[PDB]
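Reviewing the structure listed below.
Naming convention: chains lettered A, B, ... in sequence-line order (proteins, then strands); numbering from 1 in each chain. Just so it is clear, the values below take in all heavy atoms, side chains as well, and ignore hydrogens, waters and symmetry mates.
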Amino acid sequence: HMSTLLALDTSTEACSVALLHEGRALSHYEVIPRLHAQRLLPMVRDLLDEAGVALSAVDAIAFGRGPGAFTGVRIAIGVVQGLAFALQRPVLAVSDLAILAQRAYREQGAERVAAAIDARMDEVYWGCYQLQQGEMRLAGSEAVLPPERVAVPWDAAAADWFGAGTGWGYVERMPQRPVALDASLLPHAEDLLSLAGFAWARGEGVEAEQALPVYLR
Amino acid sequence: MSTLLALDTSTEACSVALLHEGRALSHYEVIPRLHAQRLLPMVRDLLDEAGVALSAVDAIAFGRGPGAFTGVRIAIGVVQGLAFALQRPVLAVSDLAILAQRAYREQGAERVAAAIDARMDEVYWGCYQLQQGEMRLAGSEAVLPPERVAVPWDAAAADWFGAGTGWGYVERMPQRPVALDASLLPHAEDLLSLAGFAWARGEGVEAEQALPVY
């Protein structure tokens with residue numbers, strides 16, 4: 001049976017939603033600072049309506065669980081939980097560092113990505129990812145670190161790995177840097193949707209009442 | 001007869017309430033040091049207890065603040081998600097109003113100056129008077145130094161009552177009520193009362209317009 005998955009991300013100034021239905025992906029993306037709580041659900045209604053898909057057809061709901069903006073992530077968490085509780089469908093928490101990695105893979109073809117997202121207080125969120133059967137997969141663990149301490153799990157002098165995310169604003173303070181980077185790249189629900197597909201096929205998914213594997217500071 | 005679901009988490013406590021067939025049911029609990037909000041399982045437990053399906057709910061009421069930032073954000077998101085999935089209206093209700101309605105229920109006070117401890121040595125402030133069973137706002141709500149709060153009534157004309165954690169600042173306030181309860185928190189049961197008035201007036205809005213007050 002083919003899965004129907006709904007994906008949304010509000011971790012940044014970007015708000016985006018994506019839908020998998022009958023093996024087709026559909027997404028929409030807007031930059032709208034501070035207007036997430038008012039614009040997220042209409043984006044969802046429009047996406048479902050454009051696809052001709054009813055909310056009841058959705059098998060699971062995926063969202064970016066951060067790291068990123070405090071308010072944006074918290075909005076996603078609540079809305080997804082509410083949606084999922086009412087439908088009685090599971091939720092899929094997905095890292096925004098992974099989403100960045102998957103996006104950089106899709107757009108640049110980079111199979112090794114060091115994702116870095118600006119954190120508060122002179123630190124960055126940091127996670128390195130490598131392609132594994134179409135999925136950008138975490139090598140090691142994610143961390144929040146002074147830029148001086150970030151490290152990659154592969155040979156640094158190799159010219160094939162790519163730097164993605166606003167954390168790369170701190171590149172001049174890092175102990176290594178890639179040949180190429182994009183410090184303005186943001187999460188995109190389309191790539192969240194890709195990651196949710198892999199996670200859903202592994203049998204992941206949590207019910208709304210269940211303790212959420214999202215750990216905000 | 002309406003079926004109304006009420007959610008309040010504006011504090012370090014959590015409560016839910018259901019109006020069904022003219023009968024009200026509520027549950028209230030404090031949230032321990034290392035535990036997170038128990039909102040959705042409390043909702044589940046409430047509905048199961050009342051023998052009511054979530055799909056039978058006509059509208060969802062919530063405390064829209066003021067109060068805590070986090071408690072507001074994720075819980076208001078939950079209200080949005082539920083209401084959207086169910087295709088049902090939401091009823092935004094002031095936590096100051098909820099305090100007033102609760103003080104009325106628990107003390108019979110028909111004039112309540114509600115005060116909630118706000119950040120940076122200030123209180124959230126709003127005065128309410130009873131109007132046909134419902135505590136209605138007199139004047140405006142504000143965030144204010146304790147030294148600058150005022151009541152809209154003639155304080156000498158009738159007794160009024162102090163409700164909420166803002167009244168921990170009472171000795172810094174220009175005036176003082178005959179009685180106060182500084183430990184009083186919002187409660188879903190009294191939110192449910194207010195929601196009913198609001199619903200019977202036909203005041204519901206769509207899920208995307210469920211916003212916190214700030």
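No side-chain donor-acceptor contact under 3.5 Å links A:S27 to the backbone of A:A189. A donor-acceptor distance shorter than 3.5 angstrom exists from the side chain of B:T9 to the backbone of B:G71, with no hydrogens or angles considered. At distances below 3.5 Å, at least one donor-acceptor pair connects side-chain atoms of A:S95 with backbone N or O atoms of A:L97. Counting only distance, with no hydrogens or angles, the side chain of B:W167 and the backbone of B:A113 share a donor-acceptor pair below 3.5 Å. At least one donor-acceptor pair under 3.5 Å links the side chain of A:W126 to the backbone N or O of A:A151.
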Show me the donor-acceptor pairs within less than 3.5 Å that the side chains of residues 45-56 of chain A make with the rest of the protein, sequence neighbours left out.
unit_1 : atom_1 : unit_2 : atom_2 : d
A:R45  : NH1    : A:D49  : OD1    : 2.8
A:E50  : OE1    : A:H28  : NE2    : 2.5

Sequence neighbours excluded and cut-off under 3.5 Å, please list the side-chain donor-acceptor pairs for residues 130-139 of chain B, or say none.
unit_1 : atom_1 : unit_2 : atom_2 : d
B:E134 : OE1    : B:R201 : NH1    : 2.8
B:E134 : OE2    : B:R201 : NH2    : 3.1

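Distance check: B:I74 CD1 to B:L39 CG gives 10.5 Å after rounding to the nearest 0.5 Å. Remark: B:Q129 CD to B:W153 CH2 distance equals 6.0 Å, nearest 0.5 Å. In this structure, the separation between OG on A:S11 and CG on A:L186 is 8.0 Å, given to the nearest 0.5 Å. Atom CZ of B:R38 sits about 9.5 Å away from atom CD1 of B:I31, to the nearest 0.5 Å. Separating the CD1 atom in A:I99 from the CD atom in A:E190 is a distance of 12.0 Å, to the nearest 0.5 Å. With rounding to the nearest 0.5 Å, the separation of CZ in B:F197 from CG in B:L91 is 13.5 Å.
Side-chain polar atoms of B:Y28 and B:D8 form no donor-acceptor pair below 3.5 angstrom.
The number of heavy atoms from other shown groups lying within 6.0 Å of CZ (A:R149) does not exceed 12.
Considering all non-hydrogen atoms of both residues, B:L99 and B:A114 come closest at CB-CB, 4.1 Å. Closest heavy-atom contact between A:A37 and B:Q80: O-NE2, 2.9 Å. When all heavy atoms of A:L193 and A:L5 are compared, the pair lying nearest together is CD1-O, 3.6 Å. Across A:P67 and A:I117, no two heavy atoms sit closer than the pair O-CD1, 3.6 Å. For the pair A:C15 and A:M43, the tightest heavy-atom approach, listed with the atom from each and the gap, is O-CE, 3.5 Å. Across all non-hydrogen atoms, the minimal contact from B:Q101 to B:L194 is OE1-CD2, 3.5 Å.
Looking only at side-chain heavy atoms (C-beta outward), A:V206 and A:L212 come within less than 4.5 Å of each other. In this structure the side chain of A:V214 reaches within 4.5 angstrom of the side chain of A:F63, judged on heavy atoms. Between A:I77 and A:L216 there is a side-chain heavy-atom pair separated by less than 4.5 Å. Proximity of B:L86 to B:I60: side-chain heavy atoms (C-beta onward) are separated by under 4.5 Å at one or more points. Between A:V152 and A:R112 the shortest side-chain heavy-atom distance does not fall below 4.5 Å. Taking the side chain as every heavy atom from C-beta outward, B:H20 and B:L25 never approach each other to under 4.5 Å. Side chains of A:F85 and A:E209 form a contact here, defined as non-hydrogen atoms less than 4.5 Å apart. Side chains of B:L7 and B:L82 form a contact here, defined as non-hydrogen atoms less than 4.5 Å apart.
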Could you walk me through whether B:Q107 and B:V112 pass the side-chain contact (heavy atoms from CB on, under 4.5 Å) test, one step at a time? CA-CA 10 Å; B:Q107 314 288 338; B:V112 183; over 6 Å; no
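Taking a cutoff of 4.0 Å between a charged side-chain nitrogen and a carboxylate oxygen, A:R103 and A:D182 do not qualify as a salt bridge.
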